[PDB]
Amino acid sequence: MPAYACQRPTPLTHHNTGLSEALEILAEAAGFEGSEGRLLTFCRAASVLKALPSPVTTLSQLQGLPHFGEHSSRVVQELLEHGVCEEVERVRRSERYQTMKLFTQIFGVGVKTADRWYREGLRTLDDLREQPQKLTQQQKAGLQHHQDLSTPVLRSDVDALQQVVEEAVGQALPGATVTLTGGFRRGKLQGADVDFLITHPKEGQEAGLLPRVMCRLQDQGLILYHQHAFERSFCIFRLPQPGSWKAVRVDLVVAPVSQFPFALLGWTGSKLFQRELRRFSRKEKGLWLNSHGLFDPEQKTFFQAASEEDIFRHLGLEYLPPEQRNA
């Protein structure tokens, strides 16, 4: 078992679901308290279990696994012995955890805002609605649309949405393309949103594209919310339903075709996979990775990539398809 998640296949479904979900509660709770290091260890421990070829049935099977020390091992031990971990249940039940979870789920609210509101005594969505003066326009939208946005987007929803985006993109710039990325590209059957990557085969033609796309979508009546030169858009989209419609989150990003492999890798995730891949690049290979490129700071040169495969090869890593990046 290698120490970095980008060094091993992680499938979407696996053999240690209950154990990884318990560790991810502790990870989440760590984040709500601002402990990014603890969050990372619990996420990595969880992810290690996702990568195992069979269920953990005894504590000894943790020996030598990376990211399992005293704390994570005890969590697993208790689940194996009793079916529950007391620390985990205590977190689940706590007012702090439940309210930070509820508040950070709102589009436009992060940990810092949730925490402030929590300290101010606020606890429910209706608490927030009563004092609407204190909300940003983004948060107002997030709160109005919260019920719809809390329902999963279905894979079976995605194609219709992609078609609508393609129509607008084609008018904005003939020849421009739309690629499904994010969780659905990793094989998820549901998601919190739909993430699309846009480019054009002629380098440079994509400059100024996203505002054109957004204005067209808004003219079609499809945009319930968006922030408006830019290259990322975080929207709320109108998605048809039987006799009605629902709000869904849609992310759009534009990249030049030279950067497309880096953007595709970066947006396809998982989020933990990308963090680990970047950490690996920098700490093991001395190369700086982001969604735009891969930089050698000694030669002061960028690696040209024509494919994700190129990028894995330049990092000396075995290729992982998107389905195996579910760290």
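The first residue of the shown sequence is 1; numbering continues from there.
Per the record, residue 228 and residue 229 are separated by 10 or more deposited residues that are missing from the model. The stretch with the higher mean CA B factor, choosing between 161-169 and 124-132, is 124-132. Averaged over their C-alpha atoms, the temperature factors of 84-92 and 252-260 are higher for 84-92. Per the PDB record, 297 has a higher Cα B-factor than any other of 266, 53, 297, 37. The top Cα temperature factor in the record, among 47, 291, 58, 281, falls on 58. Among all modelled residues in this chain, the alpha-carbon of residue 273 has a temperature factor (C-alpha) in the lowest third.
When the modelled residues of the chain are ordered by C-alpha B-factor, residue 30 sits in the middle third. In the deposited entry, the Cα temperature factor of residue 203 places it in the middle third of its chain's modelled residues.
In the PDB entry, a CA B factor belonging to the highest third of its chain's modelled residues is recorded for residue 215. In this PDB entry, residue 243 carries a Cα temperature factor that places it within the highest third of its chain's modelled residues.
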